[PDB]
Amino acid sequence: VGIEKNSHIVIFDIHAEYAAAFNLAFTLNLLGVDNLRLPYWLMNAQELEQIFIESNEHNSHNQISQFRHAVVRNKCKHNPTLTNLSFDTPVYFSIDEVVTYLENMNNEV
Amino acid sequence: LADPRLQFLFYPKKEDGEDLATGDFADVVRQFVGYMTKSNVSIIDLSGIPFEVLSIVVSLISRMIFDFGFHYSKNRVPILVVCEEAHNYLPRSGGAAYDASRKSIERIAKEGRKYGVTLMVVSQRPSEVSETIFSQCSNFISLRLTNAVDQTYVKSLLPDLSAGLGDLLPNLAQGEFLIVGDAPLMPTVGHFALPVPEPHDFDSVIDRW
Amino acid sequence: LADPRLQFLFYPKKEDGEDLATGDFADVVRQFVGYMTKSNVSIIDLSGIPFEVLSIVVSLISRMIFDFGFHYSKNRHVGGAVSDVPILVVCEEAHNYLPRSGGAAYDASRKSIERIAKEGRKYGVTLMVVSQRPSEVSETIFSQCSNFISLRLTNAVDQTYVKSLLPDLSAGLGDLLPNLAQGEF
Amino acid sequence: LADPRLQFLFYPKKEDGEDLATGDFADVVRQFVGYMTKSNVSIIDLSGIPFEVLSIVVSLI
Amino acid sequence: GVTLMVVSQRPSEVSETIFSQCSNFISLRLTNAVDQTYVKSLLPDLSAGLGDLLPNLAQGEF
Amino acid sequence: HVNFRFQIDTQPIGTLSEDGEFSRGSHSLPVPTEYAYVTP
């Protein structure tokens, strides 16, 4: 990086050992935990499954289908612009609303 | 959701105090890339991130770093991803907990040159790192490797290494290296110069608690 | 409830006899940490506790101590220093109650200790693990350790594993393990 | 469609400038195969073409 | 009456289905091992003594 | 015994100077007819 041309480096740093080397022409966004910004909804199908779903319940895939098309429902509610929506679509949405959606399934009468 | 430290995943704020909107998607993307002129460096610090949410973060970042370049070079400045302590999150054989990442990285190792995204791997224990990633590495740099298993394992990968060049590895001194691959005209032994700058009342607490 | 040997945690009370109030939950910490600034060895015996619910106990204790360390080290995060109150936790025959093959009753404790291995180094909590059956335990915990000490090993099924782990191993010195004499390491 | 690179295919125009029609299919192959006799080495050059549609390009040829 | 000719800087990448058809084979200097050992399996009349000479060929040697 | 003969085999581990420094990793080769001492 010409220290003693366009090139971008991204460093996975578990042990946090690299700040001192670069402290001195080139920007130094020294990202951190709180400084970080990241949404839950950008994820793709399978990690959407991972974070919250767990497999112990033996008829869980009932819930998998419920989940997968549920969030689609919530997005088409929050995406009246878009048509023929599906789960994989990473477009804005809210999860508390789907929490209430599934809650009403307990409220069933 | 009540889990405090994970809050940053569910509900983030900007400086103004607003909940994130879709418009700044690109903005957060350019939190990584940044300006095309005056190229910059990014340092993720993974210590604070919990251990159970470590794989997912990295798969997500890999997805973005890959697809941005896809779409930028479709019609036509490379980026490189440096993975330290690789073996923690790319094991040879492991359960689902670390599989989510295995899939993101391997695909690049299959094909990502066209886009300008390229990897770098660092491993103190090269044997316990998985099968697929290494074979797609053009050049190799090796410092001292004392343990016995790794001698044979690394001897296998690069057969340009003579029958005798293996014995050299345990006798390597402080800052001496062996480079083999396409870049060098001839296999050679070398020395590193040092870098500058080098890398490096209970009531009170329960009140916060 | 009729069991008289589990009343203590159900009925933990001072000599005064007054019931517990959430207003004060400091003393539970005090005993483990011991003191603010002076060496404090603090033993804990687990024999009397019935062998059924040991895991839950250890899990709760570890949770508390780790949280304490974390928050003091955060006050230091804003203080610009490392937490100068470090803790060491010695676990003998963990291979009894942290196996490779474990039931759910063990899982709910395993995770706890697992935590302390992967991140605790940052905040000031360290483990020491002692065993007689090396291969029996989950490789997960044993993989984190950096320094190692070995005595005589006449057994072979247990021999061949450790030879895989230790970092600076050589062929010649390794074969001395089986024929060592007592009091040698 | 706005792309100026891709219009040669979208808009093929002859020496006279007449519209393209199914009336003359055969002629289109004549350039690839060339003569009946006194054969010549036709050369395709793909440098100028964008690297996006090349896969779809080769198949029909 | 329609025939094919193929040229490849690195052979082992491309789908072997296409290579298997070819009957006559030409080779130049080849160094990379993963690219090397694969070829040896394809070509029909290869032997050890001649194959060993493949890597150390000079430029313009076929 | 066929006089007595005792053979010992050894592996290099590093170098030590006279002043006292210890550098790990070696490049030198000791020629024959040279003495071997027991570490004080």
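The preceding data block contains the structure.
Residues numbered from 1 in each chain as written, not as in the entry; some residues may be left out. Chains lettered and ligands numbered in written order. Part of a larger assembly, values for the part shown. Heavy atoms only, no water.

A. View of the sheet that holds strand β1 (residues 8–13) of chain A. If you trace the 4 strands from one edge of the open sheet to the other, you get β1(B)-β1(A)-β2(B)-β3(B), paired in parallel fashion. The sheet is open, and its two borders are formed by β1 (41–45) and β3 (117–121) of chain B, each paired with just one other strand. Adjacent strand axes in the sheet meet at a mean angle of 15 degrees, parallel and antiparallel pairs treated alike. Where β1(A) and strand β2 (residues 79–83) of chain B come together, 5 bridges link them in parallel fashion. Of the residues in β2(B), the one forming a bridge with A:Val10 is B:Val81. (Pairing = 2+ DSSP bridges. Helix = DSSP H or I, 4+ residues; strand = E, 2+ residues; numbered from the N terminus. Axes fitted to C-alpha atoms, helices over the stretch in contact; angles between N-to-C directions.)

B. Representation of the interface of chain B and chain C within the structure. Taken residue by residue, the interface counts 16 residues in chain B and 20 residues in chain C. Run the count over chain B and chain C and you get 0 salt bridges. Taken together, the residues that form the side of chain B that touches chain C break down as 9 nonpolar, 5 polar and 2 charged. (Contact = heavy atoms within 4.5 Å. Salt bridge = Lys/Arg side-chain N within 4 Å of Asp/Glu carboxyl O. Nonpolar A, V, L, I, M, F, W, Y, C, P; charged D, E, K, R; others polar.)

C. Fine view of the arrangement of the chains. Contacts are most numerous between chains A and B, taken over all 6 pairs of chains that touch. In this structure chain A stays clear of chain D, and the shortest span between their C-alpha atoms is 23 Å. A minimum C-alpha distance of 28 Å separates chain A and chain E, which share no contact.

D. Focus on the sheet that holds strand β6 (residues 188–191) of chain B. All names here are of chain B. Overall, antiparallel pairing links the 3 strands, which are arranged β4-β5-β6 in an open sheet. Two strands in the sheet have a free side with no partner beyond their single neighbour: β4 (140–142) and β6. Along the sheet, successive strands turn relative to each other by an average axial angle of 30 degrees, direction set aside.

E. Spotlight on the packing of helix α3 (residues 54–79) of chain C against helix α4 (residues 104–118) of chain C. All names here are of chain C. Closest axis-to-axis distance for the α3/α4 pair is 8 Å, and the angle between their directions is 25 degrees. Between α3 and α4, the crossing angle belongs to the class labelled roughly parallel. The two elements α3 and α4 meet at a crossing, and its hand is left-handed. Contacts between α3 and α4 pair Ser-55, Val-58, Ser-59, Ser-62, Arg-63 and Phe-66 from the former with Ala-105, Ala-108, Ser-109, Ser-112, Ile-113, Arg-115 and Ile-116 from the latter. Of the residues that constitute the contact of α3 with α4, the class distribution is 6 nonpolar, 5 polar and 2 charged. (Parallel < 35°, antiparallel > 145°, perpendicular 65-115°, else oblique. Left-handed = near helix turned anticlockwise from the far one by under 90°.)

F. Expanded view of a nonpolar patch on the surface. All names here are of chain D. Together, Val-28, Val-29, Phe-32, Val-33, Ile-44, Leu-46, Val-58 and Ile-61 make up an exposed nonpolar region whose accessible area comes to about 700 Å². With 4 residues, helix α2 (residues 26–33) is the largest single contributor of residues to the nonpolar patch. Inspection of the secondary structure puts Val-29 in helix α2. On the accessibility criterion, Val-29 (42% relative accessible area) is partly exposed. (Patch = residues over 30% accessible without salt bridge, like charges linked within 9 Å, V, L, I, M, F, W, Y side chains within 5 Å. Areas by Shrake-Rupley, 256 points an atom, 1.4 Å probe, with all protein chains shown as cover. Buried < 20%, exposed > 50% of the residue type's maximum accessible area, 1.4 Å probe, protein only.)

G. Just the interface of chain B and chain A, in detail. Taken together, the contacts link 47 residues of chain B with 40 residues of chain A. Taken together, the two surfaces of chain B and chain A that pack against each other cover about 5000 Å², and 64% of this comes from carbon and sulfur. Among the residues of chain B in contact with chain A, B:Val41, B:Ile43 and B:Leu60 are the three that bury the most area, contributing 14% of the side total. Between chain B and chain A we count 0 salt bridges in total. Counting across the chain B and chain A interface gives 20 residue pairs in polar contact. (Buried area = accessible area lost by both parts, 1.4 Å probe. Polar contact = N/O pair within 3.5 Å; in protein donor to acceptor, adjacent residues only side chain to side chain.)

H. Spotlight on the packing of helix α2 (residues 60–78) of chain A against helix α3 (residues 95–106) of chain A. All names here are of chain A. Remark: α2 packs on α3, axes separated minimally by 10 Å, with the N-to-C direction vectors making an angle of 125 degrees. For the element pair α2 / α3, the angle class is oblique. The hand of the α2/α3 crossing is right-handed. Contacts between α2 and α3 involve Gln-66, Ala-70, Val-71, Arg-73, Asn-74 and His-78 from the first element and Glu-97, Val-98, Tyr-101, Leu-102 and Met-105 from the second. Taken together, the residues of the contact of α2 with α3 sort by class into 6 nonpolar, 3 polar and 2 charged.

I. Inspection of the pattern of salt bridges at higher detail. Per the counting criterion, the structure on display carries 11 salt bridges over all chains. Between C:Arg76 and C:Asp84 there is a salt bridge, with the nearest N and O atoms lying 4.0 Å from each other. In this structure C:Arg76 comes out as partly exposed when scored by relative accessible area, which is 28%. The residue D:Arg30 makes a salt bridge to D:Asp27 at a minimum N-O spacing of 4.0 Å. Of the two residues, D:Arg30 and D:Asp27 are both situated in helix α2; the distance of 3 residues between them amounts to about one turn of the helix.

Keep in mind these values describe shape, not function.
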